[PDB]
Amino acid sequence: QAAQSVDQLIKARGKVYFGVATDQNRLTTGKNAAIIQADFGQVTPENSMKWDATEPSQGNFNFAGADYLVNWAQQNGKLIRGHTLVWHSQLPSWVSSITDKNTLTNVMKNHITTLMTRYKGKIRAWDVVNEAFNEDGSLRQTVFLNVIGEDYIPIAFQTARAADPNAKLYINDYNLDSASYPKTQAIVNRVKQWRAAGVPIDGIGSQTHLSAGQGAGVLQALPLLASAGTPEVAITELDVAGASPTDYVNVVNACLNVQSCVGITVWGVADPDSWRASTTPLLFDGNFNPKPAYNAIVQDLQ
C-alpha cells in the first residue's frame, strides 16, 4: 500500500471514489486486499458478476464469487459497481442458441432481475448494457439486437430500474476517448434520444483503455460525453499502455474538470494481473509498489 490514498484525495476534491477491479482470486493473494483497503474506495468485480459466472445454465444461478466480493466490500467500507448484465461476450451457449424474441426477452429480464434483487440496495451503480456500439456508431449486431431488436436497450434499463431503484444505471463502452471519433458522438446522440423517450439511463461509462499519449484527448472527449445530459459519467476500466504519468494525470484532470464525473476505476491493481500485462499499464508494479504514475496522481490531487 501507498501511504497516500488516491481515493481519500479525490474525495477531498469533491468526487465520489477512486476504485479498482478485483475479485476473490485477487483478494486472497499477494498484497491486493491491503492495497484496496488503504488506497481505493470502490471495487468492480472483474468476472464474478458476468453472465457466464452467474447463470451457466438457465435458472441455475451461482453467486459464490459475487457474494464473496460484495461481503468483502461491505465489511471494508467500499462502494460496489456491478459489472455487467447484458453483454455479448462471456455469454453462455444456452443464451445465444435462443432465436425466439419472447423467450430471449424473458430470459434477459430474469437475469437482470435476479442479480439486481439479490444485492438490492448494496450496489451503487450497474453496467446494465456493455459494448453495445460498433466503431462507426451503429449498434453492434449481437444476439440481443438480432433477436429482440433495438428495444433490447430500453427493456434492459427499464427492467433494471424496477429491480433496484437505488442503483445508478450505466451504459458502458470503450473507444470513447476522442471527441472527433464517430463512436463518441454516436453514444451521446443515442443516449440523448433514449432519455428523451423516458429510458432510465443514469450514466455513461467510458472504459478508457488507452495507448500511450491518448490521455490528452480525454480532456475534450469527457466533456462531450457529459453533454448527453446524464446525471453521471464515470471512467470505468482505466489502464494506459506504458503507464506514463502524463496520460494518467490527464485522465484524472478530465474527470476533475467535468462536474458530472463521479469517479474513476482502474482495471486492476498490479501490472502482472492486468488483462494487458505486456504493456505494464497499471499503477502498481509486480512487487506491489506504487509506480511514478500513482505518485503523480497523488501530487495532482493534493
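Numbers follow the displayed sequence, beginning with 1.
Higher mean CA temperature factor, per the PDB entry, when comparing 277-285 with 18-26: 277-285. The deposited model assigns a higher average Cα B-factor to 189-197 than to the other stretch when 189-197 and 124-132 are compared. Between the residues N166, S180, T114, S206, the entry's highest C-alpha temperature factor is the one at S180. Of the candidates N175, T84, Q90, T142, the PDB record gives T142 the highest C-alpha temperature factor. Ranked within its chain, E55 lands in the lowest third, by CA B factor from the PDB record. In the PDB entry, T44 places in the lowest third of its chain by CA B-factor. When the modelled residues of the chain are ordered by their C-alpha B factor, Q37 lands in the highest third. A226: CA B factor lies in the middle third for its chain, per the PDB record. The entry lists a Cα temperature factor for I98 that places it in the highest third of the chain's modelled residues.
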